[PDB]
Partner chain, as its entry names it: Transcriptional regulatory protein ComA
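The form solved without its partner chain is given below as one chain in structure tokens.
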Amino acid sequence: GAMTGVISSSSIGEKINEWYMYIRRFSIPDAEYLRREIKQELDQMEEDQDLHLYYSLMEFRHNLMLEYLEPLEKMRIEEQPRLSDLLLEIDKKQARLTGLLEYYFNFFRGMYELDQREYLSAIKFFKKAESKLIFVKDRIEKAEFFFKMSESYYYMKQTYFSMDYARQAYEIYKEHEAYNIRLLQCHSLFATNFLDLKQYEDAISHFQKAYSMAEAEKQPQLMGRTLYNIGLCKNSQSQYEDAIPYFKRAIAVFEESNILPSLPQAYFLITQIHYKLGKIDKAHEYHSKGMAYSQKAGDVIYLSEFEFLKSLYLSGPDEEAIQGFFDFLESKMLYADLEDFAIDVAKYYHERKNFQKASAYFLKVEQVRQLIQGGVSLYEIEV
């Protein structure tokens, strides 16, 4: 599907949330342990500054925990206030810090729930985080929220909300300067959602706009992703001849800049396209390179998918290797890839008048669509 992509650490945010839970309970050894463990981790990482802003605040909240406990040392246990009453006091006198921590807590707890594929739960925490945006005074930090809500709702395919949030983030980024990289990213969010709605031309316009902006910013990871995504739009519309140039330009960018993570996917559709077109000559060359990149990075999913291309276009087809591939994708919950591929096989046969085979794979497409793919649980509701 579309190149998005990359950089979760739902791990760390949720660790800071747990640290906060230990802080509110005055679980001192546990709070000290996490205070140390998380620092070490965040130290090997110019990645989110999300996490960094949050860490600082909890650092300060940890120190206030210790300040409020210092008096208790000059006290008989019977004189000392209950810890629940100590906590009520901290929160009273730091209404503002409390609400900003409550913002991040829900935010990162939602991100974690999302990684756990607990969607309704994730939305619940995301809405509670949105309620605490009043505690987020900085406008760019508000826009970051909206931006990551757009990504999140893109992953959940709540297309309309993903675009509404991208438009909220856009409004803010646009009125500052060089938030231009975030702005072009808003463009790819519009584009990727347009694509899911089958609005290919509008997706292409936003991908082109985003490309132009990435070139001006000299952001080659982004230049290549948008190039790739425009070829994808063309490919989905069976406009094979227009797809190829974008796929080639995307490959060149990634390579010239040594972007290894992106290269197995960058090589994949272009390889499929040549098999489809009967240009076996040029297919085998693309198949080998992308095959070689997948080996280097140990891309399990792309190794398996390049092997699929040989099972269909070269090897019979090997219906047996195809079924096991489908079981593999299914077991990995790669349901979109699976449906597309099951169509590819149906279409392969259809075009060769093996209507009985085409048809069995069209029935397989149906069997995948009937699977619970993004299922949900009600929180505390009794039937």
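Residue numbers count along the first chain shown, from 1.
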statement: Per the PDB entry, mean CA B-factor is higher for 161 to 169 or 130 to 138, namely for 130 to 138
292 to 300 versus 234 to 242 - greater average Cα B-factor per the deposited record: 292 to 300
task: Specify which of 121, 226, 180, 116 carries the largest Cα B factor in the deposited PDB entry.
output: 180
- prompt: When the CA B-factors of 186, 195, 156, 253 are compared as recorded in the entry, which is the largest?
  reply: 253
statement: Split the chain's modelled residues into thirds by Cα B-factor; residue 262 lands in the highest
field: Third assignment of residue 17 from its chain's C-alpha B-factors
entry: lowest
- request: Taking the values exactly as deposited, rank residue 74 by C-alpha B-factor within its chain and report the matching third: lowest, middle or highest.
  value: highest
- request: Divide the modelled residues of the chain into thirds by Cα B-factor and specify which third, lowest, middle or highest, holds residue 314.
  value: highest
message: Is residue 32 in the lowest, middle or highest third of its chain when residues are ranked by C-alpha B-factor?
response: lowest
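Below, we refer to the form deposited with its partner chain bound, which is not included among the displayed structures.
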Residue among 333, 53, 45, 28 with a heavy atom within 4.5 Å of its partner chain in the deposited complex: 28
- request: Would you kindly say which of 83, 303, 252, 97 lies with a heavy atom within 4.5 Å of its partner chain in the deposited complex?
  value: 83
field: Touches its partner chain in the deposited complex: residue 60 (any heavy atom, 4.5 Å)
entry: no
message: Even though the partner isn't displayed, in the deposited complex is residue 33 close enough to its partner chain, meaning a heavy atom within 4.5 Å?
response: yes
task: Mark residue 69 yes when one of its heavy atoms lies within 4.5 Å of a heavy atom of its partner chain in the deposited complex, and no otherwise.
output: yes
message: At 4.5 Å between heavy atoms, is residue 73 in contact with its partner chain in the deposited complex?
response: yes
- prompt: Between the rigid parts turning between the shown form and the other one, which of 324, 296, 248, 119 is at the hinge point?
  reply: 119
